[PDB]
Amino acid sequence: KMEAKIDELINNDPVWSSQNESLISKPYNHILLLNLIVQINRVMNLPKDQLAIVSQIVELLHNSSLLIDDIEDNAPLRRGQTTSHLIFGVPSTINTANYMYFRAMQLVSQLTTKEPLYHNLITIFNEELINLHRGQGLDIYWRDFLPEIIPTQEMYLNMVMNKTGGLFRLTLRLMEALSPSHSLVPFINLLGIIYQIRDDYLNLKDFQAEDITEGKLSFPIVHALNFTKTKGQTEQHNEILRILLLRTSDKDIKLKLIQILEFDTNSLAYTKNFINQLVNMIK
């Protein structure tokens, strides 16, 4: 009888239920608690149904990438709410995030069955996910190996072209390949750089600032470090490095670094200016 039961088991597809699906989706639904795509669809005109799938794909990749990003950055909050890994644990959250990457991958074959186009859609998805990981890997490396390597502005920019530019290009490239109708890739790349630098800027600017606790080589920090190095302001250079290495939650210490950035290096205004220029390129 044992053999009978085993025989039936190995000759069938693996058993997966609706209820199993729900257990596994808990970390993902918790982060659940588009107009950019619509707007762009005015140039691409994908039929509405197709656009729904592309959109579903983008939401999966995007949400899964944040679930893992929060474990990677040891983030306690996301949009004011407790992060999924603190509620469901790191194990379930990694696994669920990764599962949705592959679920997102499956939705791609439902965008088209035309064999030439399908290969292209998979190559786009694969290439940009590879880029998201390269950029994320460099961002993480710099932070965790600090002070081994202090990136320059140019190195930061290439990291961003991958870490943030990847999913922006993934959405845009899929729509341009599926479009019935110049590439807007350069534009979406620029959008990605502005979005990231503004993310870094705002994180400090609104502190009145988790990036400090995280110890990330943000755009303002990269400017401050290279400015102090260039001016041979040894003590200020080292004090910035010392605070980031503290992985501190102390607001008084966070404010202290913000002041080095405000008063010694003027990195905030410098970053403010940089963003305004990127934005002007478009205007």
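One rule holds for the numbers: they count along the sequence shown, beginning at 1.
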| property | result |
| --- | --- |
| Gap size between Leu34 and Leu33, counted in deposited residues that the entry leaves unmodelled | 4 to 9 |
| Count class of coordinate-free deposited residues lying between the neighbours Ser181 and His182 | 4 to 9 |
| Of 71-79 and 129-137, the one with larger mean CA B-factor | 71-79 |
| Between 116-124 and 88-96 (mean CA B-factor, as deposited), the higher | 116-124 |
| Residue of maximum C-alpha B factor among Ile221, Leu46, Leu60, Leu241, per deposited coordinates | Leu46 |
| Out of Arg247, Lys229, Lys216, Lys26, highest CA B-factor residue | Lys229 |
| For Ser109, the third of its chain into which the C-alpha B factor falls | highest |
| Lowest, middle or highest third - CA B-factor, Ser64 | lowest |
| Relative C-alpha B-factor of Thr152, binned into the chain's lowest, middle or highest third | middle |
| Chain third (lowest, middle, highest) by recorded CA B-factor, residue given as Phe207 | highest |
| Assigned third (lowest, middle, highest) for the C-alpha B factor of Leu172 | middle |
